[PDB]
């Protein structure tokens, strides 16, 4: 099935756990687009509800040159775009470094994947709990050797897309 990647800037936690909107990091545009294209992701969505942020990201993308990277305002808008491209609603999969008992592995994702997949990646201190609760699935977190697993969102994307590629 087709795979889409969305980088979301709302609704994130701040250090104090309060809901925030984050600003766009330039390298998240360039780096994740490259990982997306390397592993055959169909489109890369950059989701920010702040018009000023969307205009900053467009300018960066416009000069760095593609219908490939899509700058949009909301997850609802991402879902609508995929339904027009696929004639089917994506499975909504969120990501987190945090433990979730219901979380599935990449292998399990392969077996349960009966339609397009939308992978959600956060910014700042990561998603509020509501995203994790509402998503169709959460992936098991990337862990390494010990307790520390706080990777950049760019590195988390690269790793997950690699694992998805290995598994097929």
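Residue numbers count along the first chain shown, from 1.
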Using what the record says, work out whether there is a hole in the model between residue 65 and residue 66 and how many deposited residues it spans (none, 1 to 3, 4 to 9, 10 or more). 10 or more
Between 54-62 and 25-33, the record assigns the higher mean Cα B factor to 54-62
Compare the mean C-alpha B-factor of 110-118 with that of 137-145 as given in the PDB entry, and name the stretch with the higher value. 110-118
For residue 150, the third of its chain by CA B-factor is the lowest
Entry-reported C-alpha B-factor of residue 87 relative to its chain, by third, is highest
Classify residue 13 as lowest, middle or highest third according to the C-alpha B-factor given in the PDB entry, relative to its own chain. middle
